[PDB]
Amino acid sequence: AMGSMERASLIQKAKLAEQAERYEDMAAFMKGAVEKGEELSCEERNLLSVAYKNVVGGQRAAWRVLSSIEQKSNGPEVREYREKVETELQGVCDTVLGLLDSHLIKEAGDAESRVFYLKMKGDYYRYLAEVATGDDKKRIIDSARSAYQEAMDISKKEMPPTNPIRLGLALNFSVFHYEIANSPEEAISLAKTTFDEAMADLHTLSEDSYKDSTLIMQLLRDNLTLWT
Amino acid sequence: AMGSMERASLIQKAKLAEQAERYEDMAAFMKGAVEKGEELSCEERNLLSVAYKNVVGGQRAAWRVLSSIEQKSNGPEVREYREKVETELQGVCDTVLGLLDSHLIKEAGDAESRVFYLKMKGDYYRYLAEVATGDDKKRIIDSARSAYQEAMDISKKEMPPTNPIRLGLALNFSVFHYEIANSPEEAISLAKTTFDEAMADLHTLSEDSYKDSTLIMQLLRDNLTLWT
Amino acid sequence: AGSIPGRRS
Amino acid sequence: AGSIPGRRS
Ligand SMILES: *Cc1ccc(S(=O)(=O)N2CCC(OC)CC2)cc1
Ligand SMILES: *Cc1ccc(S(=O)(=O)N2CCC(OC)CC2)cc1
Ligand SMILES: [Ca+2]
Ligand SMILES: [Ca+2]
């Protein structure tokens, strides 16, 4: 749909859409930019991720409201509307996963880009898992786990323990273990080890990098406080 | 688009959409309900109004962000994107105005319903006026003024001075005078007279009606404080 | 200047 | 449990 707009114009409009809090537009501009076929810079990857996290975040919040109403009620309206929101959410997750598969991941050779995209892949399978039931749920859960694990393996070999993408990946994989995989001990162990190894590497950082790393470390600590 | 869904199901889903903060869905359900052709109850009119006020409120906020960026900058991208948001906003206002004209207003015989719909008509022409330029602007401004004035005339004949719709109509018409019609003295005089006449009628109200009326009176006072 | 917020039923 | 908010560039 964005085929006639220049790549640079799509990027500029995605930044404007963010300022205007128009996240659906932002995601559509960034989808258009990905479909130009060129790799994304660090800032462009962040725009893609921010756009879709906002879109799916609002869908997830709505799905949770409707699922709670439906569970309390247990006419067809609540289930029908929860199903409509669920299908829309699944469609957005499938769209992001399709961008990652065609062809962002395969072209990502540097650790920073490949880890970022595999973390995204884990996240969007995790959002699919949140609404999945039964056996479909098992394969979706394993797809999230596999993406996160590959990202973890690369991150531990190629990035310092304070790298913000490495830290956010570990945070989100710990949430996966706690909330999706029914592995709270694995969640706690990953969050603790990640926090401690980052603490021991803070001395190497500038003041600005210190601020970025400690912000995510606080999120790990916030979860550990809630889980223990 | 909602032709195959029962009226009562559209109403139920509009309430669910409000709870889920899915205001575009809410507006689409309420448009479907209006298009069933039956008059709306008090609660249904409020659902219609809440849905569209939220949709157009987000569009207006985005348009203001983009218009400010465009004015500071004075490539084509900011203007193009402001124009896109503007066209979408105009389309929503035209949709609401079309529901009011086909056929909510003509079927509204009681003062409460007719004033409510004419207030809506003034509001959506006011939102069109906010983005209009030049001579188109003049006719749009007069359409807002005419709708508000008819609503005012009915409200003063048929409703007590504390009626919340009468109060909200006067509030919004005062904003029209201040922000659109370049008539700040008319805005201040209308807000003051409305406040004072409501104050003198509070003694007639129950505790719950008192709470409803005084809440809007505080909005009138807040504007008077800003304008004087 | 504030109009009716009008965004909650 | 909080994941990365990730909603502001
Ligand atoms: C998944 C994730 C991890 C960390 C962030 S961030 O806000 O701290 N930040 C890290 C540095 C930059 O590299 C991509 C930009 C994002 C965001 C998301
Ligand atoms: C335009 C407008 C005026 C007042 C309100 S309200 O929130 O005070 N309320 C008044 C009583 C009911 O009648 C419609 C429901 C709305 C809202 C909008
Ligand atoms: Ca080009
Ligand atoms: Ca019917």
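On the given criteria, is B:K156 within 16 Å of ligand 2 (Cβ to nearest atom) and buried (at least 20 other Cβ atoms within 10 Å of the Cβ)? No, not satisfied. Scanning the stretch A:30-50 for residues that are part of a helix (DSSP H, G or I) and either facing another protein chain (nearest Cβ under 9 Å) or charged (D, E, K, R) (or both) gives A:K31, A:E35, A:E43, A:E44, A:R45, A:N46, A:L47, A:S49, A:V50. Might you let me know whether the stretch B:51-62 holds any residue that is facing chain A (nearest Cβ under 10 Å) and out of contact with any helix residue (DSSP H, G or I) (no Cβ under 9 Å at 6 or more places or on another chain)? Yes, because at least one residue in the stretch B:51-62 is facing chain A (nearest Cβ under 10 Å) and out of contact with any helix residue (DSSP H, G or I) (no Cβ under 9 Å at 6 or more places or on another chain).
Whenever a residue of the stretch B:68-80 is of a type in the set (D, E), its partners that are surrounded by 17 or more Cβ atoms within 10 Å (Cβ to Cβ), lying with C-beta atoms within less than 6 angstrom and at least six residues away or across chains, give the pairs B:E70/B:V78; B:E70/B:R82; B:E77/A:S9; B:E77/A:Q12; B:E77/A:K13.
Assess whether A:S9 counts as being more than 16 Å from ligand 4 (Cβ to nearest atom), at the interface with another protein chain (Cβ under 9 Å from one of its Cβ atoms) and in contact with a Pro (Cβ under 9 Å, 6 or more places away or on another chain). Answer is yes for this residue.
Scanning the stretch B:82-100 for residues that are over 15 Å from the mean Cα position of the chain (by Cα) and surrounded by fewer than 18 Cβ atoms within 10 Å (Cβ to Cβ) gives B:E83, B:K84, B:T87, B:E88, B:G91. Is at least one residue of the stretch A:173-194 away from every other protein chain (no Cβ under 14 Å), among the hydrophobic types (A, V, I, L, M, F, W, C) and part of a helix (DSSP H, G or I)? No, every residue in the stretch A:173-194 fails to be away from every other protein chain (no Cβ under 14 Å), among the hydrophobic types (A, V, I, L, M, F, W, C) and part of a helix (DSSP H, G or I). Tell me yes or no: at least one residue of the stretch B:19-28 is part of a helix (DSSP H, G or I), farther than 25 Å from B:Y127 by Cα and away from ligand 4 (no atom under 16 Å from the Cβ). Yes. The set of residues from the stretch A:123-178 being among the small types (G, A, S) and farther than 19 Å from A:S189 by Cβ comprises A:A129, A:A132, A:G134, A:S143, A:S146, A:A147. Of everything listed in (1) aliphatic (A, V, I, L, M); (2) more than 12 Å from C:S9 (Cβ to Cβ); (3) within 11 Å of chain A (Cβ to nearest Cβ), the single unmet condition for B:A14 is (2).
Backbone-built Cβ (ideal geometry, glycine too); neighbour counts: all protein chains shown. Laboratory data are not the source of any read-out in this text; all were calculated from the coordinates shown.
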